[PDB]
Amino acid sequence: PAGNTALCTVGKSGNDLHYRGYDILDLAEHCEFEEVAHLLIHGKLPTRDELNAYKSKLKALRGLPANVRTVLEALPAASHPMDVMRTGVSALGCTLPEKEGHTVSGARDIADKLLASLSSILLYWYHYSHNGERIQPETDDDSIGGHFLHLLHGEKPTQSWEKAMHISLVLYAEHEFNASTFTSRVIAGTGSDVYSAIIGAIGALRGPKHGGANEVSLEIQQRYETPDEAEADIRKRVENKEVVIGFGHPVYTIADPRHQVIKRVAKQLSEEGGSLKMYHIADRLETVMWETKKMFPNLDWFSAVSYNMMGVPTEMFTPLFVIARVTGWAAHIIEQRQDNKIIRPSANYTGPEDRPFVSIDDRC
């Protein structure tokens, strides 16, 4: 145990997930993502009136500073979209810096600014560099996911795509201690600013062993023409001691509770389109992965199908992880500041013993 938290419980029964006491099943079923972002950042499920004010507040924070636009326009088309988000946030930190007091209130305002504008940072860079257009970040869209989709596709998404986006983001919002969250906490713990703690987190989430997962879940799912030929190739790959990504989890011993939710979303999204190809392939390999290895699918297995049905480019999967997870990060950064206990990390040495100094001419 690396620290204390009041934020999140996962895997006590082998298959449960809670955000500040609330079940993720209930949260995914009923809440807009914004309700969950309010729970994490601002501490509680908002009333109706608290939600209205919060959604209006977020709606007005979607803009990009003139100088940030100049920063984004300078980043080449081939940039890792994660590095684009990292740079934009970094530039923003220089432009709207935290007040040197580091108030809880100030931390939340930054959280809320990042949350509203990360989509704008990504997609403004994307459309300028890829298409030569300076898009309008300040849409009339009423939700974060809906804003995302609008800015990506150049049109307002269906009510259907918006609701599924709410469910996606909620499932990804918080997950106790992991590499990115822990990083944010280590950075918060030195007395550093919110932006920096969020920027280290983003760098950790960029790593394919952490935030990359579903990018390759989609890569596996798209290899195969049919559910039969997927089955054959995977059990061939498992017999050759390959790790199939999208399966298993450190903490969970029985199931990832977010999976059943995202599978259901993927199913509806695939149906509504009229194409259940990719879904049936994922569903087959799920059965096959259990027969072969006794592994359950994690959230990153079917999120691949749901996102792709919504036309999300592969290289934007992790950036969406950042739009969702920034809410947990912001909660953890704030919690770390309040009980700023630190666990001094120390190592085990395996280098050479003390040895005499060799002079420069003496080492040739």
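One-based numbering along the sequence shown.
- Higher mean CA temperature factor between 308 to 316 and 322 to 330: 308 to 316, per the PDB entry.
- For the pair 272 to 280 and 135 to 143, the mean B factor over Cα atoms is greater in 272 to 280.
- Across 219, 162, 174, 193, the greatest Cα temperature factor reported in the deposited entry is at 219.
- The PDB entry assigns residue 83 a C-alpha temperature factor belonging to the lowest third of its chain's modelled residues.
- In this PDB entry, residue 228 carries a Cα temperature factor that places it within the highest third of its chain's modelled residues.
- Residue 70 sits in the lowest third of its chain by CA B factor, as recorded in the PDB entry.
- Ranked within its chain, residue 34 lands in the lowest third, by CA B factor from the PDB record.
- In this PDB entry, the Cα temperature factor of residue 167 sits in the middle third of its chain's modelled residues.
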